[PDB]
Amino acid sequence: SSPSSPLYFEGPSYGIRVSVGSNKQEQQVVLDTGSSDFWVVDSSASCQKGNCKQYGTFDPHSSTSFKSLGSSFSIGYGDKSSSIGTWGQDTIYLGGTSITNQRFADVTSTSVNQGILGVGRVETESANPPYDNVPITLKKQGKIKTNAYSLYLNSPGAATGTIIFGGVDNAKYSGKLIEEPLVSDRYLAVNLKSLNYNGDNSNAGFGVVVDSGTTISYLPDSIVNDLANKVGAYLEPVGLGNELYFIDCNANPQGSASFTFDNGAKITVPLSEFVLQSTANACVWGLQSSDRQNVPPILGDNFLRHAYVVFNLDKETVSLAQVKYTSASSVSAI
């Protein structure tokens, strides 16, 4: 069989449930294909913004199997805040299986709200030298045969999505899975050929990270600035000195945007995915500028809900097909 996990829609992202340690301390962490480290919120962490302990915490002192590695973990954000902690190792429970002596960070101060299960490539680890992250360890410990996984975020408003480690549910897409090579030396990124947004076609020709950890999608100014005029998206300040594209919260969400990749792959996304409720009476556009946001171009959850995606970290491919929402299941090993 193939390990698999429900994914719980939270709004900004999807959570995966993982337990840590001899006492199986329960966490819910963001399933993130755009990063590569597993980290948890320490029970004594200092949350810099609000309550960062609503999705579980980890107390290293109560796990008899925990060992600290003593090395620093830190990651910085654009707002110049950070998450800081210490690397350790313990037994982890996920996908119906368990792995021993897995390295992860225990975070003791953070400006975000939740820990993260990074399932990306070893090349995007925040660590030097590289180490075996969760997908690598699942393979090494014989829980999966290939370092690969399939992502089914499911429909907007579905009960859960699913991740399958080492397997593919061939019931959950239409047509054929089309294999794309990676176009980054570090990210799970594929070439975006073109975007037809409700009849307005733009040529692309650049790599996009296929990123489950990101709520919406980020494309270069070369695409978003003209498209914003055709669709009624408009820049407004968001403080302190930043701006985003906004859009009418209440327009008829008629039409779709199609994303064309190489080798004939095409994913169609309803325009409702491009109106996101914000700090309210206001909705942000589901496309934003990767240039302004200072990120690589990204297709996030608003896109991913409409694709079935197989990430193959051994072969260095991402395969895509139009999703088919169904309780039917036929899972095969990758």
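Numbers for residues come from their place in the sequence shown, where the first is 1.
Report task. Look up the CA B-factors in the entry and say which stretch, 273-281 or 44-52, has the higher mean. Result -> It is 273-281.
Query raised in the report: In the PDB record, does 241-249 or 203-211 carry the higher mean Cα temperature factor?
Result: 241-249 has the higher mean C-alpha B-factor.
Query raised in the report: Which listed residue, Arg121, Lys176, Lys140, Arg103, has the largest C-alpha temperature factor in the record?
Result: Max CA B-factor in the entry, restricted to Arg121, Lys176, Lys140, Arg103: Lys176.
Query raised in the report: Which of these, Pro130, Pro135, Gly232, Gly96, has its C-alpha atom at the highest B-factor, as the entry lists it?
Result: Each of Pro130, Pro135, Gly232, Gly96 was compared by C-alpha B-factor; the highest is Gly232.
Query raised in the report: Where does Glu125 sit by CA temperature factor within its chain: lowest, middle or highest third?
Result: CA B-factor rank for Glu125: lowest third.
Requested in this report: Using the B-factors in the PDB entry, rank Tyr77's C-alpha atom against the chain and give the third, lowest, middle or highest.
Outcome: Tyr77: CA B-factor falls in the highest third of its chain.
Query raised in the report: Should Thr326 be placed in the lowest, middle or highest third of its chain by the C-alpha B factor in the entry?
Result: According to the entry, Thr326 has a C-alpha B-factor in the chain's highest third.
Report task. Please rank the C-alpha B-factors of the chain's modelled residues and tell me whether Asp262 sits in the lowest, middle or highest third. Result -> Middle third.
Query raised in the report: Looking at the C-alpha B-factor of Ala228, is it in the lowest, middle or highest third of its chain?
Result: Top third by C-alpha B-factor.
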